[PDB]
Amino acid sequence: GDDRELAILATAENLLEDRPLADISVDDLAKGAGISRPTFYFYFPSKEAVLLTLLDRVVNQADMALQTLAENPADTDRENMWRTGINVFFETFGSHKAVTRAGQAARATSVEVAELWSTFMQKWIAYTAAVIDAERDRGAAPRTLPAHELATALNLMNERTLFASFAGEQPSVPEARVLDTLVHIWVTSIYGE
């Protein structure tokens, strides 16, 4: 039951490594999960709903990892503090590139995917802004741009730049350089005048 759903989700994540959702049939998902087509429809209404659930799992995996980091005392080294946090996103989305690629594409065609992504980006921006505000309050960061506006641009940079790196787009930062690239821009923009 839970196990049926897990098998459909695992099959979909596997097939998305090889081809887009458009070239994956319900027969393919049902076959991979060892069930019939009609039994598939008991668990999910469409292959698009399967992708929504996969992306929801990956997004909440990143969010929960960030929460675990937030619960711990702050790294006393400002650059390392931000690197560890950006690395949650680098590793979580980078470890699920098939879902990341299919989920990005689906933001265009699916209101539910677009709203899921928007909701979590707002959460992540709000958290970023609250950390920059704490750094300013402690006298560690200068009072330059409105923190929420700076947070927004930095989060959008990461959204576009990490994706271009994962997907091997031209142009892109090489995957093996993207974390250092983003950390530099975050730290100089948060701490600089």
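One rule holds for the numbers: they count along the sequence shown, beginning at 1. Basically, rigid core = biggest C-alpha set you can superpose within 1.5 Å across the two forms.
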Report task. Would you mind working out which of 108 to 116 and 71 to 79 sits farther from this form in 8 other deposited structures of this protein by RMS C-alpha distance, with the rigid core as the fit? Result -> 71 to 79
Requested in this report: Decide which of the stretches 113 to 121 and 70 to 78 has the higher mean C-alpha B-factor, going by the entry.
Outcome: 70 to 78
Report summary line: Going by the entry, of stretches 139 to 147 and 152 to 160 the one with greater average Cα B-factor is 139 to 147
Query raised in the report: Out of 63, 28, 56, 133, which shows the largest CA B-factor listed in the entry?
Result: 28
Query raised in the report: Among 179, 16, 173, 185, which carries the highest Cα B-factor?
Result: 16
Query raised in the report: Taking the entry's C-alpha B-factors for this chain, is residue 99 in the lowest, middle or highest third?
Result: middle
Report task. Just say lowest, middle or highest third for the CA B-factor of residue 36 relative to the other modelled residues in its chain. Result -> middle
Query raised in the report: Considering only modelled residues of the same chain, in which third does the CA B-factor of residue 8 rank: lowest, middle or highest?
Result: middle
